[PDB]
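Novice: Okay, handing you the structure first.
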Protein chains: 2
Amino acid sequence: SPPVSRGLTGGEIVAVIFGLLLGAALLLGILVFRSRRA
Amino acid sequence: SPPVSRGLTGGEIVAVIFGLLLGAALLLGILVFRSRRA
């Protein structure tokens, strides 16, 4: 794959951080609600 | 489809899952190793 100029743009990294934060918070949430409640 | 005339590709979603899975595993890892070690 290319470095960060060939086919990379600022409109792509936004997806990383997005799913990163929302991924942990969401995942962790369900993981706890599963059977770790209280 | 995009939010407001944008245009995505299959070479963009790879970033989401990347930081998504790697984010939870990594984050959760440090979060535990922080002071939750057993």
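Note on naming: chains are A, B, ... as they come in the structure tokens, residues start from 1 per chain, ligands start from 1 in the order shown.
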Can I have chain A aligned to chain B? Use a least-squares fit on all Cα atoms paired in order and write it out as a compact mmCIF listing (two decimals) with N, CA, C and O atoms, in the first residue's frame.
Specialist:
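selection_7.txt was written with the following content:
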```
# COMPACT_ATOMS: atom_id res chain seq x y z
N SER A 1 -22.42 15.64 5.10
CA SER A 1 -21.54 14.73 4.39
C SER A 1 -22.33 13.87 3.41
O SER A 1 -23.55 13.72 3.51
N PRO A 2 -21.63 13.29 2.42
CA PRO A 2 -22.24 12.43 1.40
C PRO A 2 -22.73 11.11 1.97
O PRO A 2 -22.39 10.73 3.10
N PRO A 3 -23.53 10.38 1.18
CA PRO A 3 -24.07 9.08 1.59
C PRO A 3 -23.00 8.00 1.66
O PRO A 3 -22.41 7.77 2.71
N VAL A 4 -22.76 7.34 0.53
CA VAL A 4 -21.76 6.28 0.46
C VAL A 4 -21.33 6.02 -0.98
O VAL A 4 -20.85 4.93 -1.31
N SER A 5 -21.50 7.03 -1.83
CA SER A 5 -21.13 6.91 -3.24
C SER A 5 -20.43 8.17 -3.72
O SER A 5 -19.49 8.11 -4.52
N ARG A 6 -20.89 9.32 -3.24
CA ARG A 6 -20.31 10.60 -3.63
C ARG A 6 -18.79 10.56 -3.52
O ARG A 6 -18.09 10.57 -4.53
N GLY A 7 -18.29 10.53 -2.29
CA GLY A 7 -16.85 10.49 -2.08
C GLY A 7 -16.43 9.32 -1.21
O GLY A 7 -15.34 9.33 -0.63
N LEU A 8 -17.29 8.32 -1.11
CA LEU A 8 -17.00 7.14 -0.30
C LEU A 8 -16.52 5.98 -1.17
O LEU A 8 -16.97 5.81 -2.30
N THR A 9 -15.59 5.19 -0.64
CA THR A 9 -15.05 4.05 -1.36
C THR A 9 -14.69 2.91 -0.42
O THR A 9 -14.57 3.11 0.79
N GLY A 10 -14.52 1.71 -0.97
CA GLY A 10 -14.18 0.56 -0.16
C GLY A 10 -12.83 0.71 0.51
O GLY A 10 -12.50 -0.03 1.43
N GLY A 11 -12.04 1.68 0.05
CA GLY A 11 -10.73 1.90 0.62
C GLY A 11 -10.75 2.91 1.76
O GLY A 11 -9.74 3.55 2.05
N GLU A 12 -11.91 3.04 2.40
CA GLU A 12 -12.06 3.97 3.51
C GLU A 12 -12.63 3.27 4.74
O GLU A 12 -12.21 3.54 5.87
N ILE A 13 -13.57 2.36 4.51
CA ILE A 13 -14.19 1.62 5.60
C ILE A 13 -13.18 0.71 6.29
O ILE A 13 -13.35 0.34 7.45
N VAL A 14 -12.14 0.34 5.55
CA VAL A 14 -11.10 -0.54 6.09
C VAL A 14 -10.44 0.09 7.32
O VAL A 14 -9.99 -0.62 8.22
N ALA A 15 -10.39 1.41 7.35
CA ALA A 15 -9.79 2.13 8.46
C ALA A 15 -10.66 2.04 9.71
O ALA A 15 -10.16 2.05 10.83
N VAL A 16 -11.97 1.96 9.50
CA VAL A 16 -12.92 1.87 10.60
C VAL A 16 -12.73 0.59 11.39
O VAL A 16 -12.34 0.61 12.56
N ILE A 17 -12.99 -0.54 10.75
CA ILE A 17 -12.84 -1.84 11.39
C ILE A 17 -11.44 -2.02 11.96
O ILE A 17 -11.26 -2.58 13.04
N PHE A 18 -10.44 -1.53 11.23
CA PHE A 18 -9.05 -1.63 11.67
C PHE A 18 -8.88 -1.02 13.06
O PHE A 18 -8.53 -1.72 14.01
N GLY A 19 -9.11 0.28 13.16
CA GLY A 19 -8.97 0.96 14.44
C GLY A 19 -9.99 0.50 15.46
O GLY A 19 -9.80 0.68 16.66
N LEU A 20 -11.08 -0.10 14.97
CA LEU A 20 -12.14 -0.59 15.85
C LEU A 20 -11.66 -1.79 16.66
O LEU A 20 -11.68 -1.76 17.90
N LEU A 21 -11.22 -2.83 15.97
CA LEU A 21 -10.73 -4.04 16.63
C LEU A 21 -9.42 -3.77 17.35
O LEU A 21 -9.28 -4.05 18.55
N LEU A 22 -8.45 -3.23 16.62
CA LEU A 22 -7.14 -2.92 17.19
C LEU A 22 -7.26 -1.89 18.30
O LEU A 22 -6.42 -1.82 19.20
N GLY A 23 -8.31 -1.07 18.24
CA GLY A 23 -8.53 -0.05 19.25
C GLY A 23 -8.99 -0.63 20.57
O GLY A 23 -8.47 -0.27 21.63
N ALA A 24 -9.97 -1.53 20.51
CA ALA A 24 -10.50 -2.16 21.72
C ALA A 24 -9.45 -3.06 22.37
O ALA A 24 -9.19 -2.95 23.57
N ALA A 25 -8.86 -3.94 21.58
CA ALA A 25 -7.84 -4.86 22.08
C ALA A 25 -6.68 -4.10 22.71
O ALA A 25 -6.24 -4.41 23.82
N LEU A 26 -6.18 -3.09 22.00
CA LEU A 26 -5.07 -2.29 22.48
C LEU A 26 -5.47 -1.49 23.72
O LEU A 26 -4.87 -1.63 24.79
N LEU A 27 -6.50 -0.66 23.57
CA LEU A 27 -6.99 0.16 24.68
C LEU A 27 -7.25 -0.70 25.91
O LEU A 27 -6.67 -0.48 26.98
N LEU A 28 -8.13 -1.69 25.77
CA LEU A 28 -8.47 -2.58 26.87
C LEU A 28 -7.21 -3.15 27.51
O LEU A 28 -7.14 -3.31 28.73
N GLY A 29 -6.22 -3.46 26.68
CA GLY A 29 -4.98 -4.01 27.19
C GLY A 29 -4.28 -3.08 28.16
O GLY A 29 -3.96 -3.47 29.28
N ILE A 30 -4.04 -1.85 27.72
CA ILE A 30 -3.37 -0.86 28.55
C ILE A 30 -4.22 -0.51 29.77
O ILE A 30 -3.70 -0.29 30.87
N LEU A 31 -5.53 -0.45 29.58
CA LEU A 31 -6.45 -0.12 30.66
C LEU A 31 -6.32 -1.13 31.80
O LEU A 31 -6.42 -0.76 32.98
N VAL A 32 -6.10 -2.39 31.45
CA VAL A 32 -5.95 -3.44 32.45
C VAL A 32 -4.55 -3.44 33.05
O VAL A 32 -4.39 -3.53 34.27
N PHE A 33 -3.54 -3.32 32.19
CA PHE A 33 -2.16 -3.30 32.64
C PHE A 33 -1.88 -2.08 33.52
O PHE A 33 -0.92 -2.06 34.29
N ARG A 34 -2.74 -1.07 33.40
CA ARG A 34 -2.59 0.15 34.18
C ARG A 34 -2.47 -0.17 35.67
O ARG A 34 -1.44 0.10 36.29
N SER A 35 -3.53 -0.74 36.23
CA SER A 35 -3.54 -1.09 37.65
C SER A 35 -4.58 -2.18 37.92
O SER A 35 -5.04 -2.33 39.05
N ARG A 36 -4.93 -2.93 36.89
CA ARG A 36 -5.91 -4.00 37.02
C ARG A 36 -5.25 -5.37 36.83
O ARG A 36 -5.93 -6.38 36.67
N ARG A 37 -3.92 -5.38 36.83
CA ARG A 37 -3.17 -6.62 36.65
C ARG A 37 -3.51 -7.63 37.75
O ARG A 37 -3.80 -7.25 38.88
N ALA A 38 -3.48 -8.91 37.40
CA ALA A 38 -3.78 -9.97 38.35
C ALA A 38 -5.14 -9.75 39.00
O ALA A 38 -5.79 -10.69 39.46
```
